[PDB]
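Q: Handing you a structure now.
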Amino acid sequence: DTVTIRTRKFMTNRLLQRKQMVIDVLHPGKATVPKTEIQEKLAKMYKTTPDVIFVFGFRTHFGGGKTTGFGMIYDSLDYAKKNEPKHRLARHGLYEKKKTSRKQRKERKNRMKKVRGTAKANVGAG
Amino acid sequence: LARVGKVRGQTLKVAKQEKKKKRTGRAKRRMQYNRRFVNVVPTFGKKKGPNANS
Amino acid sequence: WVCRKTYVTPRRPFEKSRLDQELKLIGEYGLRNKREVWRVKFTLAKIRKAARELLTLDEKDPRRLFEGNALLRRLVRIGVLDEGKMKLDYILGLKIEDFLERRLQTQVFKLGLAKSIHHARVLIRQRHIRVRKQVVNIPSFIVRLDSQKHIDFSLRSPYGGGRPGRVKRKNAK
Amino acid sequence: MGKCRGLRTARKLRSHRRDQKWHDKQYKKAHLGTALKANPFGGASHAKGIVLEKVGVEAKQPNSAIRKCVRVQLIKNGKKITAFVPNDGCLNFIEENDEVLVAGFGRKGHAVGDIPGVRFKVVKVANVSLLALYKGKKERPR
RNA sequence: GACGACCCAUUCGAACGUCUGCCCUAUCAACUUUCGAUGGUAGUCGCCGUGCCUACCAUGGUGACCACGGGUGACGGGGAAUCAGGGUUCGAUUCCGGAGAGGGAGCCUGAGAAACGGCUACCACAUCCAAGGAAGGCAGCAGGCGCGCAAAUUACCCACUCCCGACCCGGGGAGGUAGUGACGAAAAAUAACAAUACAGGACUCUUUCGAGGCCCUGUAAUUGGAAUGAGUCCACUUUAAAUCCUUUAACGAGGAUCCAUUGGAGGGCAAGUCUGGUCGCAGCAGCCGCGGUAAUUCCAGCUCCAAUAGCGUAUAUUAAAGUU
């Protein structure tokens with residue numbers, strides 16, 4: 001396919017050091033393409049290269065023909081890496097989580113509560 | 001004559017269950033429209049009703 | 001959250017006179033049930049109630065002006081009323097059938113490409129039409145006046161350009 | 001007519017109406033609650049009991065028939081109610097010393113039809129309807 | 001810059017006090033007082049005003065304009081259902097105010113509590129014990145027993161929304177997400193189009209018969225061409241991670257199955273003086289009435305009628321009721 005990336009209400013968001021717009025996309029006989037492909041084209045429309053671009057949203061209307069999302073473009077990596085909610089950074093990997101599921105935390109906490117002075121057994125040991 | 005199940009336990013049981021599929025929704029109203037009004041049959045004053053197995 | 005009904009039931013359960021009108025009206029427009037009829041008549045009788053207020057309010061009350069002006073615009077915008085009328089008395093001359101002309105399935109048949117009305121409803125649902133750029137599947141679109149000159153078939157269908165169906169391409173295979 | 005039409009007679013109107021409303025039959029049952037205390041129901045739509053024993057109940061003239069009711073004791077009151085059984089052969093599907101579910105006729109206090117002394121009927125034997133027992137789309141679970 | 005402290009102002013309130021507004025009951029008409037009831041004077045106490053309390057002194061206060069007493073399946077309000085006008089009925093329940101955490105009482109800490117995810121005692125329960133003692137309060141989220149006509153998962157997660165802390169970092173069954181879900185509401189599939197075939201009206205052609213005919217119509221016979229999601233399902237998307245939805249491959253309709261039911265057909269009230277069985281028996285019947293061997297009402301078959309992914313039944317309640 002040949003697809004169009006089209007702006008919508010730009011802001012130069014100096015305080016967070018980024019540029020936030022809407023990602024308005026048209027697709028002719030298809031719709032709903034990977035988000036990875038989208039940020040490539042936006043890389044070569046503001047020459048900021050695709051590792052400081054971040055996008056999300058992208059709900060597709062009935063019958064295809066249009067999809068609309070929301071995209072950020074940071075000036076540098078470290079401004080994204082600092083600000084950015086964790087799951088959006090881990091969305092295309094550079095971070096993870098662990099931690100580890102849920103529960104194993106609370107049952108340990110209440111056991112740690114019932115000792116005093118030494119809790120190093122329960123932190124490793126159960 | 002106090003006995004129950006009397007009338008229902010001495011009657012014959014028969015059937016002639018359908019092979020023909022009846023219509024639903026839209027088309028059931030379509031046939032109802034055409035068969036009553038858009039035929040157009042009616043004649044002199046009569047009592048006939050839409051049923052008559054008499 | 002917030003929900004409410006869009007129709008009401010008749011006070012009488014049966015009445016030979018009533019039933020024939022509801023039947024023959026459904027026959028013309030291809031409607032599925034009486035719930036598709038009473039829906040229309042709720043909206044209409046609502047509009048007939050609002051109008052019935054403003055005529056009894058003082059002439060050149062500010063409430064009466066602002067409401068009527070913006071109301072009649074909406075009745076003209078859907079095309080159940082003319083601007084050669086443009087006053088509140090003609091609201092009461094409005095009736096049930098004029099609405100149904102502006103239904104999507106009615107306008108397909110009347111001013112487009114269809115067989116009998118029963119055909120035209122199926123075309124709307126099987127995604128072979130659009131309204132300006134946008135696919136629809138709802139025969140109860142009620143169609144604004146401006147959008148009557150943009151009713152076209154769809155741009156991906158076997159009716160006009162686009163890929164054939166699975167009856168043709170089956171037989172090709 | 002024949003009564004005050006003063007401008008300061010709100011008291012003499014609103015106290016009179018509050019008294020003469022009690023002569024109505026309907027109002028007097030609702031607000032005294034003697035209804036609740038006297039009824040075998042608590043005002044609940046249904047109720048549940050345990051069978052005591054089948055009976056035959058004679059009809060009121062002109063009609064002559066035997067109507068095959070039951071008699072039942074309740075779970076939550078321990079008092080006794082005489083309850084009709086519907087369609088032909090449904091008596092057999094009720095077996096003595098089991099539970100049943102009862103319900104009023106549809107006249108809300110009064111005995112219905114040509115059968116006297118009965119004010120209740122029966123709907124479910126044991127999580128199974130009289131319909132499905134009668135028609136044959138279900139069977140006895142025992 | 002950070003922290004702390006005294007006072008004043010401010011903010012968030014807190015606490016008392018003003019005026020007006022209340023359901024049923026008289027088979028409740030007199031009520032209240034040295035066990036302070038009403039007032040005066042002084043004092044104690046309290047954050048403060050005050051019979052709040054105490055001493056002394058006076059004898060008042062309230063009521064047919066319903067007091068006092070009793071009842072309430074009575075938390076109050078913002079509201080909800082019905083409705084021409086006037087009304088009637090409901091308000092446990094997402095917002096605001098209040099009261100309470102098994103039943104009573106007392107109290108610590110603090111700016112704020114007579115706190116129960118704090119404490120002490122009594123009373124009613126119930127648990128462990130080596131019998132010496134010890135420990136407990138799900139009207140928090142789930143879950144169990146019991147009670148009944150009657151009501152869901154011992155699921156996922158702090159990403160959203162906000163709160164708490166010494167804090168940009170931690171925590172939160174608040175809250176968000178999914179599961180169960182015909183309480184209820186909105187949307188709208190279950191076959192559309194031609195061929196032949198009979199069939200009908202205007203027509204027009206014929207004196208009529210009859211024939212043609214297109215705007216039709218069903219209906220038989222087979223079919224033919226055409227279309228689509230219901231399902232199945234790779235991919236993308238969704239999001240905390242996922243599901244669903246929308247978007248898209250590949251499969252996916254010839255009516256026999258990719259199957260619409262729930263009630264009714266004597267009158268009220270839309271539809272059988274059809275066929276078989278029963279014979280005042282069995283049953284139906286809101287009501288009026290049907291059945292005693294020729295049943296338009298019962299039990300069945302066929303046909304027909306109503307509403308329709310809904311319909312029936314029981315009960316509370318409103319409209320109908322100018323029968324409050």
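Residue positions begin at 1 at the first shown residue.
Looks like electron microscopy, 6.0 Å, at least that's what the header says.
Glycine residues also receive a Cβ, built from the backbone N, Cα and C atoms like all the rest.
Below are the features listed in Swiss-Prot for this protein:
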{"type": "CROSSLNK", "residues": "C:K87", "note": "SUMO2 cross-link"}
{"type": "CROSSLNK", "residues": "C:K133", "note": "SUMO2 cross-link"}
{"type": "MOD_RES", "residues": "C:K60", "note": "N6-acetyllysine"}
{"type": "MOD_RES", "residues": "C:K110", "note": "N6-acetyllysine"}
{"type": "MOD_RES", "residues": "C:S147", "note": "phosphoserine"}
{"type": "MOD_RES", "residues": "C:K149", "note": "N6-acetyllysine"}
{"type": "MOD_RES", "residues": "C:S157", "note": "phosphoserine"}
Q: Given the recorded positions C:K60, C:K87, C:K110, C:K133, C:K149, state which is nearest to C:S157 (phosphoserine) when distance is taken between Cα atoms.
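A: Given the candidates C:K60, C:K87, C:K110, C:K133, C:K149, the nearest one is C:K133.
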Q: Give the helix, strand or coil assignment DSSP yields for C:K87 (SUMO2 cross-link).
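A: Once the DSSP labels are grouped into three classes, C:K87 (SUMO2 cross-link) ends up as coil.
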Q: Taking only the Cα atoms, work out how far C:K133 (SUMO2 cross-link) lies from C:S147 (phosphoserine), in Å, as a whole number.
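A: Answer for this pair: 11 Å between alpha carbons.
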Q: Around C:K133 (SUMO2 cross-link), how many other C-beta atoms are within 10 angstroms of its C-beta?
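A: So the number of other Cβ atoms within 10 Å of C:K133 (SUMO2 cross-link) is 11.
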Q: Could you check which of the recorded positions (C:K87, C:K110, C:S147, C:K149) sits closest to C:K60 (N6-acetyllysine), going Cα to Cα?
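A: Looking at Cα distances from C:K60 (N6-acetyllysine), the smallest one goes to C:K87.
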Q: On a C-alpha basis, identify the one among C:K110, C:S147, C:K149 that is nearest to C:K87 (SUMO2 cross-link); the candidates are the modified residues.
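A: Comparing Cα positions, the closest of these modified residues turns out to be C:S147.
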Q: What subset of the recorded positions C:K60, C:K133, C:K149 has a Cβ sitting under 8 Å from a Cβ of chain A?
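A: Among the recorded positions C:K60, C:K133, C:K149, the ones whose Cβ sits under 8 Å from a Cβ of chain A are C:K133.
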Q: In Å, rounded, how far does the Cα of C:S147 (phosphoserine) sit from the Cα of C:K110 (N6-acetyllysine)?
A: 15
Q: Express the distance between the Cα positions of C:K110 (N6-acetyllysine) and C:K149 (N6-acetyllysine) as a whole number of Å.
A: 13
Q: Looking at the recorded positions C:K87, C:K110, which sits with the largest number of other Cβ atoms within 10 Å of its Cβ?
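A: Result of the Cβ crowding comparison: C:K110.
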Q: Please report the DSSP secondary structure of C:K133 (SUMO2 cross-link), reduced to three states.
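A: Looking at the DSSP assignment, C:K133 (SUMO2 cross-link) belongs to neither helix nor strand, so coil.
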Q: Where does C:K110 (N6-acetyllysine) sit in DSSP terms: helix, strand, or coil?
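A: C:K110 (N6-acetyllysine) sits in a helix per DSSP.
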Q: Taking the Cβ of C:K60 (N6-acetyllysine) as the centre, how many other Cβ atoms fall within a 10 Å radius?
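A: Step by step: centre on the Cβ of C:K60 (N6-acetyllysine), count other Cβ atoms within 10 Å, giving 7.
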Q: Counting only other Cβ atoms and using a 10 Å cut-off, which of the modified residues C:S147, C:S157 scores lowest?
A: C:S147
